[PDB]
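Take a look at the structure set out below.
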Amino acid sequence: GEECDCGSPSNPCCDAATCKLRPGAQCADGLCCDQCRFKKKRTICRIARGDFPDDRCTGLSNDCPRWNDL
């Protein structure tokens, strides 16, 4: 039922009425979230610390999963 997933009133992606997103908007913003909608794979969600490649998202989430080093 709930669809709270925003941290800005001014955000036109969201509505400050029932704390939900707009129609055609899945999320507000994030490392794996575009400015209204989800992102696609091969999106840089985090940088490597060393001896690893940059960490990319899957493109079906707002969260950013860490580069599981083996």
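Going by what's in this entry, would residue 22 be described as surrounded by fewer than 11 Cβ atoms within 10 Å (Cβ to Cβ) and over 10 Å from the mean Cα position of the chain (by Cα)? Steps first, answer last, please.
Working: surrounded by fewer than 11 Cβ atoms within 10 Å (Cβ to Cβ): no; over 10 Å from the mean Cα position of the chain (by Cα): yes.
So residue 22 does not fit the description; no.
Quick one: which of 68, 62 is touching a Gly at 6+ places or on another chain (Cβ under 7 Å) and part of a loop (DSSP other than H, G, I, E, B)? If you could, list the steps in order and put the result at the bottom.
Numbers: 68 fails: touching a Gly at 6+ places or on another chain (Cβ under 7 Å).
Selected residue: 62, the only one of 68, 62 that is touching a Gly at 6+ places or on another chain (Cβ under 7 Å) and part of a loop (DSSP other than H, G, I, E, B).
Filter segment 41-59 down to residues that are of a type in the set (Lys, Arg) and part of a strand (DSSP E or B) and give me whichever is surrounded by the fewest Cβ atoms within 10 Å (Cβ to Cβ).
To start, the set of residues in segment 41-59 that are of a type in the set (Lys, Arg) comprises 41-42, 46, 49, 56.
With the extra rule that they be part of a strand (DSSP E or B), the set shrinks to 46, 56.
On the way: 46: 15, 56: 17.
Result: 46.
Could you list, in sequence order, the residues of segment 26-43 that are charged (D, E, K, R) and farther than 13 Å from residue 60 by Cβ? If you could, list the steps in order and put the result at the bottom.
So in segment 26-43, the residues charged (D, E, K, R) come out as 29, 34, 37, 39-42.
Across segment 26-43, the qualifying residue is only 29.
Every number here is computed from the coordinates shown, using simple stated rules; none is lab data. Positions of Cβ are backbone-derived with ideal geometry, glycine not excepted, and every protein chain shown enters the neighbour counts.
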